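Asker: Here it is: the structure, laid out below.
Bear in mind these aren't lab numbers, they're just calculated from the coordinates by the rules spelled out. So basically every Cβ, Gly included, is an ideal-geometry build from the backbone, and we count neighbours across all protein chains shown.
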Amino acid sequence: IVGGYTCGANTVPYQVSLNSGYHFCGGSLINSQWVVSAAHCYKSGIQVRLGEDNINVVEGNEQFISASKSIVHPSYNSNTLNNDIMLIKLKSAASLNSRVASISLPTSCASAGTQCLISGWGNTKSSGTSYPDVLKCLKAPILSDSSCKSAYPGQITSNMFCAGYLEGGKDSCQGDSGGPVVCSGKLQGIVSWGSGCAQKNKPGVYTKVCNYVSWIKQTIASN
Ligand SMILES: NC(=[NH2+])c1cc2cccnc2s1
Ligand SMILES: [Ca+2]
């Protein structure tokens, strides 16, 4: 996250860190047994780490649970990143408490102008590399689809939306992949892609979760 702030330990209780020996993607807890992340974050051998703040220090509120199965969307296209969403089932149910909570799925899509909260442990420099150990947060609005499509001609589908600032300065970045974009108490997006980080007229692109609620609900009830 570039131009954001330190969230505060466990102030984003649904935030997840996917670990395969190191942190490589974020995710969101939707109920005690399931996590939603980005399909481009798919790997075999994932351990989900809940209740984390500093990912390099065991502070006492973490739960490390291995994944029993991963399901990448049936229509994920790695070349265009269309349908960039995946579900991960935990081997054991997590214990929900104040520091580990799940986030709600949306009932309808959010409107341009709505302010959201984006979080993650990704790079904090637009021109450089500095990975933080504690969770960073960024409040950003959803942009109009026309400004999103003008920045990325022929690349945005109806399953994506842009959020951020066209002036540049504040944005999600590498390492933030798979993490949450929460607006009005619902999970509306997943950090998916962009061009550089915090560049002018190059906002971040997010998977539009409101288009996948039926697929999510149906898949978790049959697995
Ligand atoms: N600028 C963004 N919002 C980006 C997010 C990601 C996520 C993965 C890879 N590259 C990028 S750029
Ligand atoms: Ca920790």
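Asker: Computed on alpha carbon atoms, what radius of gyration and Dmax characterise the chain, expressed in Å?
Answerer: 15.9, 47
Asker: Go through 107-114, 85-92, 170-177 and give me the packing order, highest mean Cβ count within 10 Å leading.
Answerer: In descending order of packing, they fall as 170-177, 85-92, 107-114.
Asker: Can you compute 3J(HN,Hα) from phi for each residue in segment 164-171, using the Karplus curve 6.51 cos²θ - 1.76 cosθ + 1.60 with θ = phi - 60°, rounded to whole Hz and x for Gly and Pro?
Answerer: Coupling constants for segment 164-171: x, 10, 5, 6, x, x, 10, 5 Hz.
Asker: A further question on this structure: About the Cα centre, and with charges only on the beta carbon of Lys, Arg (+1) and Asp, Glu (-1), how big is the dipole of the chain? Nearest 20 debye, please.
Answerer: Here the chain has a charge dipole of around 320 debye.
Asker: A further question on this structure: Among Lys125/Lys149; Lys149/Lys200; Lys139/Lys208; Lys89/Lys139, which pairs are too far apart, with a Cα-Cα distance over 20 Å?
Answerer: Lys125/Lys149; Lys89/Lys139
Asker: So for segment 133-218, considering every pair of alpha-carbon atoms, how many percent are separated by more than 15 Å?
Answerer: 56
Asker: Follow-up question, since we're still on this one. Given the rule -39500 (n - 2.57) for each run of at least 4 DSSP H residues, summed and divided by the residues of the chain, what is its mean residue ellipticity at 222 nm, to the nearest 500 deg cm²/dmol?
Answerer: -2000 deg cm²/dmol
Asker: Where does each of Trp193, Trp215, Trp34 land when they are ranked from fewest to most other beta-carbon atoms within 10 angstrom?
Answerer: If I rank by nearby Cβ atoms, fewest first, I get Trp215, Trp193, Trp34.
Asker: To continue, here is another question. Compute and list, largest first, the equivalent-ellipsoid semi-axes of segment 1-48 from the alpha carbon gyration tensor, each √(5λ) rounded to a whole angstrom.
Answerer: Largest first, segment 1-48 gives 20, 14, 10 Å.
Asker: Turning to a different aspect of this structure: Non-local amide H neighbours of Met160 (under 5 Å, H modeled in plane, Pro and chain starts lacking H): which ones?
Answerer: Here the answer is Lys208, since their amide H atoms fall under 5 Å of that of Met160.
Asker: Further question on the same structure: For the residues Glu52, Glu59, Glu167, what sequence is obtained by ranking on other C-beta atoms within 10 Å, fewest first?
Answerer: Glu167, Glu59, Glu52
Asker: Would you mind estimating how fast segment 55-155 diffuses translationally, via Stokes-Einstein at 37 °C and 0.692 mPa s with the Kirkwood radius over Cα pairs, in µm²/s?
Answerer: 186
Asker: Right, next: Just the number, please: Stokes-Einstein D of segment 1-128 in µm²/s, Kirkwood Rh from C-alpha pairs, 20 °C, 1.002 mPa s.
Answerer: My calculation gives 137 µm²/s for D.
Asker: On to the next question. Give me, ordered by chain and number, the residues 5 or more places off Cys116 or on other chains with an amide H under 5 Å from its own placed amide H.
Answerer: Placed amide hydrogens put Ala140, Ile142 under 5 Å from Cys116.
Asker: Give, as ranges by residue number, the residues of segment 129-150 whose backbone N falls under 17 Å from the point 7 Å along Cα→Cβ of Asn201.
Answerer: Those under the cut-off are 144-150.
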